[PDB]
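**Q** let me see the structure of the following:
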Amino acid sequence: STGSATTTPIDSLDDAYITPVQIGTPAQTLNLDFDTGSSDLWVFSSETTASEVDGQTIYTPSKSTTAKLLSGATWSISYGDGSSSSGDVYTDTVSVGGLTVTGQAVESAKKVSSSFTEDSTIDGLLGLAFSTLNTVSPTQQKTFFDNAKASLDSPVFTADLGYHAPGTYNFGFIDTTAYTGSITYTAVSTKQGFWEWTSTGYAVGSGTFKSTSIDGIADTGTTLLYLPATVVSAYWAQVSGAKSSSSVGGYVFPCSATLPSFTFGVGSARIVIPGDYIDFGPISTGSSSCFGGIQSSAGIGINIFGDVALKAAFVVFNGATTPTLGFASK
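**A** Numbering: from 1, shown residues only. Below is the structure in question.
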């Protein structure tokens with residue numbers, strides 16, 4: 001089997017991407033944030049505290065003839081941005097782009113933090129990291145990809161995120177029309193539960209490539225590109241007037257600037273992020289200070305190849321017995 005679904009930016013900045021997901025019988029379609037940095041499929045639901053729902057579409061398990069309470073199971077998750085959610089668990093039929101999993105753990109939110117409430121466009125998350133990170137207790141649950149894997153034509157999914165445009169998540173096949181050149185594959189460590197890999201270096205604009213190992217995670221659920229402070233300083237030093245602002249929370253730059261590109265290495269191959277992809281617009285409405293799309297990871301503990309980086313590539317998440325990542329230009 002295979003699946004193919006379009007993923008759409010939630011706003012004009014590509015702050016996140018939503019993909020429609022069918023849950024239950026008859027189908028209830030919710031728009032989920034596919035997140036290769038986490039491993040829980042959770043939704044706003046009929047159980048979510050009413051004051052914490054503000055425009056989201058909710059899953060109502062009592063209206064699904066295939067929903068079953070997973071008795072005793074609870075979940076609770078905290079994300080790197082400080083947001084969180086928690087609740088109980090049903091199993092139900094879940095379909096993405098024509099690919100159906102029966103018995104998928106659907107984690108129903110009883111509580112969500114304010115940033116989720118405040119984002120009316122995201123009805124939940126669909127985790128695509130390794131199932132060892134799944135938070136369901138006392139019986140850990142498998143991700144959608146893990147449950148689908150054996151049925152897929154090939155044990156892979158691909159992320160093809162658009163810049164200010166829709167893109168595609170495919171399951172079970174590699175669309176050879178969706179990229180240029182060849183796909184370069186690189187090793188993955190699953191020791192932290194992430195799609196963790198080592199970039200071979202970087203360049204700023206037309207500058208020379210610096211060969212240096214940068215360990216980080218391919219994370220579709222993170223908006224920006226978070227890299228070591230040395231690398232980020234070298235980038236922003238090429239933008240007149242750019243500075244790190246403690247009050248804003250990162251590097252800002254004059255909105256009148258033209259940003260240089262940023263290149264990252266995948267083995268001997270190179271992925272070029274155009275400068276425009278690094279512009280996240282005014283820090284507040286009407287400001288001439290703009291927020292940068294490349295930020296320091298120094299306070300995180302891990303480097304994160306988020307959407308800014310991934311949207312410049314066609315990315316293969318290869319879930320073979322020994323997982324690997326593939327990157328191609330497009």
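**Q** now do the strands in the stretch 151-300 of the chain.
**A** 156-160, 167-171, 184-187, 196-204, 210-218, 225-227, 243-245, 250-254, 262-266, 269-273, 279-282, 289-292, 294-296 (DSSP state E, counting those that start in this stretch).
**Q** the helices in the stretch 101-250 of the chain, which residues?
**A** Secondary structure of the stretch 101-250 of the chain by DSSP state H, counting those that start in this stretch: the helices cover 114-117, 144-148, 229-236.
**Q** so for residue 242, which of those sits nearest?
**A** Of all the helices of the stretch 101-250 of the chain, helix 229-236 sits nearest to residue 242, with 4.2 Å by C-beta to C-beta. Using the backbone N, CA and C atoms, a C-beta is placed for each residue, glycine as well.
**Q** which residues does the closest one contact?
**A** 202, 204, 210, 214, 242-244, 251, 253, 260, 262, 292, 294-298 (C-beta atoms under 8 Å, 6 or more residues apart in numbering).
**Q** using PDB, write out every CA atom in stretch 232-246.
**A** Below are the C-alpha coordinates for stretch 232-246, written out as PDB (Å, rounded to 0.1, in the frame of the first residue of the first chain):
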ATOM      1  CA  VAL A 232      24.700  31.100  13.500                       C
ATOM      2  CA  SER A 233      27.000  34.000  14.300                       C
ATOM      3  CA  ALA A 234      28.900  33.400  11.000                       C
ATOM      4  CA  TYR A 235      25.600  33.600   9.100                       C
ATOM      5  CA  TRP A 236      24.200  36.700  10.700                       C
ATOM      6  CA  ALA A 237      27.500  38.500  10.500                       C
ATOM      7  CA  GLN A 238      26.900  38.700   6.700                       C
ATOM      8  CA  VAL A 239      23.600  40.700   7.300                       C
ATOM      9  CA  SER A 240      24.200  44.400   8.000                       C
ATOM     10  CA  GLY A 241      22.500  45.400  11.200                       C
ATOM     11  CA  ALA A 242      21.600  41.900  12.300                       C
ATOM     12  CA  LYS A 243      22.000  41.200  16.100                       C
ATOM     13  CA  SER A 244      20.900  38.800  18.800                       C
ATOM     14  CA  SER A 245      18.200  40.300  20.900                       C
ATOM     15  CA  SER A 246      17.700  38.800  24.300                       C
END
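**Q** so what's residue 193 closest to, chain neighbours aside?
**A** Spatial nearest neighbour of residue 193, excluding adjacent residues (C-beta to C-beta, 6 or more residues apart in numbering): residue 133 at 3.8 Å.
**Q** distance check, that neighbour against residue 227.
**A** 22 Å (C-beta to C-beta, to the nearest Å).
**Q** which of the two has more neighbours?
**A** Between residue 133 and residue 227, counted using other C-beta atoms under 10 Å, the more crowded position is residue 227 (26 against 18).
**Q** domain-wise, how is this structure divided?
**A** Here the domain assignment for the chain is 5-174, 175-330, based on CATH domains of a matching chain.
**Q** off-centre distance for the last one?
**A** Here domain 175-330 shows a centroid-to-chain-centroid distance of 13 Å under the convention C-alpha atoms, centre = their mean, to the nearest Å.
**Q** ditto for stretch 17-34
**A** 16 Å.
**Q** for it, how far is the first residue from the last?
**A** This stretch, stretch 17-34, spans 8 Å end to end (C-alpha to C-alpha, to the nearest Å).
**Q** now stretch 309-322
**A** 24 Å.
**Q** who's in contact with stretch 279-299?
**A** 12-13, 216, 223-229, 232, 235-236, 242, 244-245, 248, 250-257, 259, 262, 277-278, 303-304, 308.
**Q** so which strand or helix has residue 69?
**A** With secondary structure defined by DSSP states H and E, residue 69 is part of strand 68-78.
**Q** let me know the next secondary structure element after that strand.
**A** strand 84-96.
**Q** quick check: angle from that following strand to strand 156-160?
**A** 110 degrees (axes from the mean of the first three to the mean of the last three C-alpha atoms, to 10 degrees).
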